[PDB]
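Encoded as structure tokens, the following chain is the form deposited in one PDB entry, with no partner shown.
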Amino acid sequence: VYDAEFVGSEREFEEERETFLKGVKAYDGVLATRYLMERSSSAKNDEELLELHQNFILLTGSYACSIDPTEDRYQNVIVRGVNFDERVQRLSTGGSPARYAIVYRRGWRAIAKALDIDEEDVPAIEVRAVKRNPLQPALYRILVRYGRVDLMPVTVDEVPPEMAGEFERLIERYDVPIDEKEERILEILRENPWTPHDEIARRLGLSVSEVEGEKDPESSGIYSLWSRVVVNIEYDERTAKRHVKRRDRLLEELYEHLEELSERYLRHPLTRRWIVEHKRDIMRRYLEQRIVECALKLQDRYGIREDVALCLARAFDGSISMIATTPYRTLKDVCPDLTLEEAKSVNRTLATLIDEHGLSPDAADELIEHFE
């Protein structure tokens, strides 16, 4: 249920494969640094390691920005059964269905198939870091969706304050209009720019869909507001060029660094060779943490029964936001014991459509799938 066709030229194929494989290697660094951070307290409080982790988050984002530069190299990008070509074709600013997909958890599974990627196990690229993302997270995701290689920083030091804690400066810089709901979201982000979307939604009594919006200026929500801002920023090829030049060298340096640093914390240093060989373990430890955190939150903040909570957490790699924007049928198919009541608690869109607007679950599910 994760598919895409590569429809570019052979030259474009080698370009895309190279970008993707570098992105996978960068994301492996996110996973390997997290592995070390979770295995050792002295490593987790070592600033040198935390900077490595953040720098890998940036390079992953940068490489993801470079996917499908011509916005025509892929066809029928389907993630968990949902066709993103159809999604992106409707939007006022259009764009790449491949990059649109990569910002969703497991989007990489479609693109990896298209590119025949077999160079390592579970060749993932995820661009959804929140906690320790050096950028304001929704902005980071929007840069990826718009292919903004020019704007995505390639080192933590080089993150502009306006893309992080001073994010409100970037919004003000073009005096884009902000809707009332968006202003409510910005209030929460002032308190912590890294507040997760599910929490913003819970705190405002809104659905996750309402908090997020479409990734297009014409919509309403944090993705929509950042899209509004970013389309006003002229594309800077000179800076994109600089970023592309440096990032490949930086990627090597981050790995060399990680290996060195890991030697004083581990009996088995995190060499690139070791990371590739133990990729499945690295990935599964990363996911297990997210899954259990998610399950606990689902049961305590949404009233979901313990077993269903763990089932949903597992199916969606620990993303409450994903769960909260998924059709009822899709959730039930993976987690049979889920009740409609429970689904309405986590996906408030379902509650609004069925309870307030009087749609059948099936009609509600059509809208949630096609239009999210």
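Numbers follow the displayed sequence, beginning with 1.
Once the C-alpha B-factors are averaged per stretch, 65 to 73 and 329 to 337 rank with 329 to 337 first. Relative to its counterpart among 22 to 30 and 37 to 45, 37 to 45 has the higher mean temperature factor, C-alpha atoms as listed in the PDB entry.
Taking the PDB entry at face value, the top CA B factor among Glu180, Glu162, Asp175, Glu260 belongs to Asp175. The entry assigns its greatest Cα B factor, within the set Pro217, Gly81, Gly147, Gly221, to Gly81. Per-chain ranking of the deposited C-alpha B factor places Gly94 in the highest third. Sort the modelled residues of the chain by CA B factor and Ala313 lands in the middle third. Ranked by C-alpha B-factor against the other modelled residues of its chain, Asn232 falls in the highest third. Per the deposited record, the Cα B-factor of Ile125 falls in the lowest third when ranked against the other modelled residues of its chain. Ranked against the other modelled residues of its chain, the C-alpha B-factor of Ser345 as given in the entry falls in the highest third.
Note that the form deposited in another entry isn't included here; everything after this is about it.
Considering the chain's movement between this form and the one not shown as two rigid blocks, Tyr100 travels with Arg280.
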